[PDB]
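Single-structure report; data block below.
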Amino acid sequence: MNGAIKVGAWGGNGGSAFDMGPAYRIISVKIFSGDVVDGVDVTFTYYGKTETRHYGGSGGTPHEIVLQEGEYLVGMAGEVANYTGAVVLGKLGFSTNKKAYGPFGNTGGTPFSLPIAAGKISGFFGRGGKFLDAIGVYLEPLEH
Amino acid sequence: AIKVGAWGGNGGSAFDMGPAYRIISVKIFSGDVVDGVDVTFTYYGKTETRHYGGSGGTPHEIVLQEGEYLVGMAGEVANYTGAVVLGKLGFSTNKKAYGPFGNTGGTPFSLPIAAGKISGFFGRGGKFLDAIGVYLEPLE
Ligand SMILES: OC[C@H]1O[C@H](O[C@H]2[C@@H](O)[C@H](O)[C@@H](CO)O[C@@H]2O)[C@@H](O)[C@@H](O)[C@@H]1O
Ligand SMILES: OC[C@H]1O[C@H](O[C@H]2[C@@H](O)[C@H](O)[C@@H](CO)O[C@@H]2O)[C@@H](O)[C@@H](O)[C@@H]1O
Ligand SMILES: OC[C@H]1O[C@H](O[C@H]2[C@@H](O)[C@H](O)[C@@H](CO)O[C@@H]2O)[C@@H](O)[C@@H](O)[C@@H]1O
Ligand SMILES: OC[C@H]1O[C@H](O)[C@@H](O)[C@@H](O)[C@@H]1O
C-alpha cells in the first residue's frame, strides 16, 4: 500500500508471517544465530518512541548492527538451508554504506543476495517459528 | 529510483535502459549461457526496442499482455570461457514463471517481488550478458 516496494521473502514457508511495514526508522538489528539464524530483534523509532520487535525463536547468540548517524542498510544476503526438516535462513548478513556485517549462522544451502545499486532498506517482513524461516525487505530511494 | 542488482561479473561494458512506462516484451538470448536480452517497451508515448549483451544463442520471447507485469527475476552467475556471466536467467510474471534460459550452473540468485514490478534493466554486457539488475516500481 501507498507505493511500497517489497522484495523477498527468502527462506521457507513454515512459521508465522510477520510484517513491520515501511513507516519506522530502523536504528538497530540484532541477529540471533548458532547453526542457523534463530531470530532477529528489530529496534526502531517512530514519533520519538523506541520499540523492539522479536521475530523467530529464542535460541542462538546475538550479533548487533547498530546504525550510526548517516548509516543505512544497503544490502542483504545469506543462505536458505534445510535444518531439522525446516527450510530456514542458515546464514544472514547485511551491508551498510559504511561496512559489511556478518553473515551470521553456520549452515549453507541455497545462496541469495540483494545488492542495492540505488536505494536502501526501510523495513522488514518474513516468517518466524523456532528459527527465522524467511526474511524480506521494504525499499525506498537513498534520497528525494 | 530503486535499482537492485546487478548480479553477475565485472566484465563487458555497462548498460542502463532506465525505467519504462510499460514493458511489452523481453527476449532472452541463450545457449550455453545467457548471451543477451532484447527489451520492447513504451516510453513517453514512443515504443522502443533495446538490445543488451551479445546476440549469439537463440532468442526466447516473453510477451506481456496489458495487466501482466514482471514480478520476479532469478538465475545463476556462472564461470564460462574465463568470464563471470549470467549462466541462466528466468522471469516470473503475475500469471506464470518462465525459464530457465541458459545451461550453465553457478551461484544462484533470486528476486521475488512481493509488492512492485520490474520497470527496466541495467547491467554489463560484452559477448555475453555479464551482469543484470532491475529498476523497481510500485504497483498502480
Ligand atoms: O522456524 C522453523 C520451524 O520451527 C518449528 O518447527 C520445528 C519442529 O517442530 C518441526 O518439526 C521442524 C520441521 O517442520 O522444524 C523445526 O525444527 C515450527 O515453528 C515451524 O512452523 C517452523 O517452520
Ligand atoms: O541456530 C540453531 C541452534 O544452534 C546451536 O545448537 C546446535 C548445537 O550446537 C547443539 O549442540 C544442538 C543440541 O541438540 O542443537 C543444535 O544443533 C546453538 O547455538 C543454539 O542456541 C541454536 O538455537
Ligand atoms: O560478455 C563476456 C565477455 O565478452 C568478451 O570477452 C570474450 C572473450 O573475448 C574473452 O577472451 C573471454 C574472457 O574475458 O570472455 C569472452 O569469451 C568481452 O567483451 C569481455 O569484457 C566480456 O566480459
Ligand atoms: O550461450 C553461449 C553460446 O552457447 C553455444 O555455443 C551457442 O548456443 C552459441 O550461439 C552461444 O553464443
Side-chain angles (χ1 to χ4, degrees), chain A residues 8-19 29-41 53-64 78-93 102-110 124-136, chain B residues 5-16 28-38 50-57 75-89 101-104 106-107 121-133:
Chain A
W10 290 276
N13 296 287
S16 302
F18 67 89
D19 186 353
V29 173
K30 187 178 285 175
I31 298 165
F32 296 84
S33 65
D35 286 354
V36 298
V37 179
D38 291 83
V40 185
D41 283 347
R53 294 182 187 181
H54 181 79
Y55 308 114
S58 59
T61 296
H63 306 282
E64 217 165 0
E79 303 262 347
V80 175
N82 290 312
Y83 183 80
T84 72
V87 175
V88 300
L89 289 159
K91 301 190 180 177
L92 179 67
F104 306 108
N106 291 136
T107 307
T110 304
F124 291 102
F125 67 97
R127 301 184 70 87
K130 186 177 171 68
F131 310 117
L132 194 59
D133 297 70
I135 194 168
Chain B
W7 292 272
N10 293 312
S13 306
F15 69 86
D16 195 341
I28 303 84
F29 290 69
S30 65
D32 290 348
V33 296
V34 178
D35 292 80
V37 180
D38 265 9
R50 269 81 182 97
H51 184 84
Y52 302 114
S55 299
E76 296 196 356
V77 171
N79 204 3
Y80 184 76
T81 69
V84 174
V85 299
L86 274 292
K88 307 188 183 190
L89 185 67
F101 308 111
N103 288 116
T104 308
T107 305
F121 298 93
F122 67 95
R124 305 189 70 85
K127 186 173 172 69
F128 313 118
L129 184 69
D130 295 74
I132 196 162

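Each ligand, and each atom within it, is numbered from 1 in the order the structure gives. We name chains A, B, ... by the order of the sequence lines, and we start the count at 1 in each one.
- With sequence neighbours excluded, the residues that form a side chain to side chain donor-acceptor pair (under 3.5 Å) with A:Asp19 are A:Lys6, A:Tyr138.
- Ring geometry for A:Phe104 against A:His63 counts as parallel: the plane angle stays under 30°, on a 0 to 90° scale with 60° as the upper cut.
- Using a 4.0 Å cut-off to heavy atoms of A:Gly34, the atoms of ligand 2 that qualify are 1 (O), 4 (O), 19 (O).
- For A:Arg127 (side chain) and A:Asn13 (main-chain N/O), a donor-acceptor pair under 3.5 Å exists by modelled atom type.
- Considering backbone and side-chain atoms together, A:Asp35 places an N or O closer than 3.5 Å to an N or O of ligand 2.
- Put simply, the side chain of A:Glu79 gets close to the backbone of A:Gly109: a donor and an acceptor are under 3.5 Å apart.
- Under the 6.0 Å cut-off for aromatic ring centres, B:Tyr52 and B:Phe121 do not qualify, their centroids lying 6.0 Å or more apart.
- Shown here for A:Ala81 and A:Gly108, the closest heavy-atom pair between the two residues is CB-O, 3.6 Å.
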inquiry  = Could you go through B:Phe128 and B:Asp32, starting from their C-alpha distance and side-chain angles, then the distance that decides it, and tell me whether this counts as side chain to side chain contact (heavy atoms under 4.5 Å, CB included)?
reply    = CA-CA 10 Å; B:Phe128 313 118; B:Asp32 290 348; over 6 Å; no
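- For ligand 1, the 4.0 Å heavy-atom shell takes in A:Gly14, A:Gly15, A:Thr84, A:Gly85, A:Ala86, A:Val88, A:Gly129, A:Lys130, A:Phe131, A:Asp133, ordered by chain and residue number.
- In summary, the atoms of ligand 2 found under 4.0 Å from a heavy atom of A:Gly60, numbered by their order in the structure, are 20 (C), 21 (O), 22 (C), 23 (O).
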